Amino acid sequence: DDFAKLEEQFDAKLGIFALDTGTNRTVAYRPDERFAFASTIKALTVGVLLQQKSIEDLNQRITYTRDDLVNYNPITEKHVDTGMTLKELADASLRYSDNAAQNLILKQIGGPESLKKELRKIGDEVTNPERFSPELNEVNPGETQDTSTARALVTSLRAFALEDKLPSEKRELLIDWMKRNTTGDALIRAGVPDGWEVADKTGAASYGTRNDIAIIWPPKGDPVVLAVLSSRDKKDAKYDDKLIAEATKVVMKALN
């Protein structure tokens, strides 16, 4: 098997779950193994924001300070003095993985405990939001805080984006943001054919953790929802995006 091969080549542990939503055919490799979710949680976070606010209510302007900035603030560092709307925050979070934008959205929805509550509510008993960004990235093997599984992430992302945990106008918003991600070009998008539309959200964390969760659209036909998660044994390990890209190619062969 080809996932074992990738684990060998990249000295890494892979967690994979893919659902072809046309057929309910499934492709799994350690699907229930826990990983740090890292920034993939931002996608679920916006999902819950969208349930809680009208589209029009996303125009509320949030004021913040240098105190709200954390380790990686690519958009949010430009607008300290003008503020950013909730819509703009969602954009930055999803398209740039802006960690302060995440923390700002999370405060707006009642924090990690409230996010977890709302995840439970949608049927997700696995994903365990506990901390703010980037502390949520510090996860040691065996620990369950700020972890989820490939299967749980898939099921949750499908629920917000494709089923009925959002109305269609808000599903369109989330999908547009994730289609237009800037962070993902070497990962899931690198293992799909050009012309197959991809909406994704990436993550990186401790233990060489390197994740991507995606909706993938064939030219016609129903979408595939995929989570490709990875980690490595040393705390300070590097990751290699090619792993996720190669793993994606294996998934697409097994389903097609």
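Residue numbers run from 1 along the displayed sequence.
Engineer: Look over 111 to 119 and 168 to 176 in the entry and identify the one with the greater average Cα temperature factor.
Structural biologist: According to the PDB entry, the answer is 111 to 119.
Engineer: Between 236 to 244 and 17 to 25, name whichever shows the higher mean Cα B factor according to the PDB entry.
Structural biologist: Taking the mean C-alpha B-factor of 236 to 244 and of 17 to 25, the larger value falls to 17 to 25.
Engineer: According to the deposited entry, which of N59, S54, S206, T202 has the largest Cα B-factor?
Structural biologist: Going by the entry's C-alpha B-factors, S206 comes out highest.
Engineer: Based on what the PDB entry reports, which of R151, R158, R95, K78 has the top C-alpha B-factor?
Structural biologist: That would be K78.
Engineer: Sorting by Cα B-factor within the chain, modelled residues only, which third would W196 end up in: lowest, middle or highest?
Structural biologist: Highest third of the chain for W196's C-alpha B-factor.
Engineer: Please rank the C-alpha B-factors of the chain's modelled residues and tell me whether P219 sits in the lowest, middle or highest third.
Structural biologist: Highest third.
Engineer: Based on the entry's values, in what third of the chain does the Cα temperature factor of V139 lie: lowest, middle or highest?
Structural biologist: Highest third, going by the recorded CA B-factors of the chain.
Engineer: How does the C-alpha B factor of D212 compare with the rest of the chain: lowest, middle or highest third?
Structural biologist: Bottom third by C-alpha B-factor.
Engineer: Sorting the chain's CA B-factors, does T63 end up in the lowest, middle or highest third?
Structural biologist: Ranked within chain, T63 CA B lands in the middle tercile.
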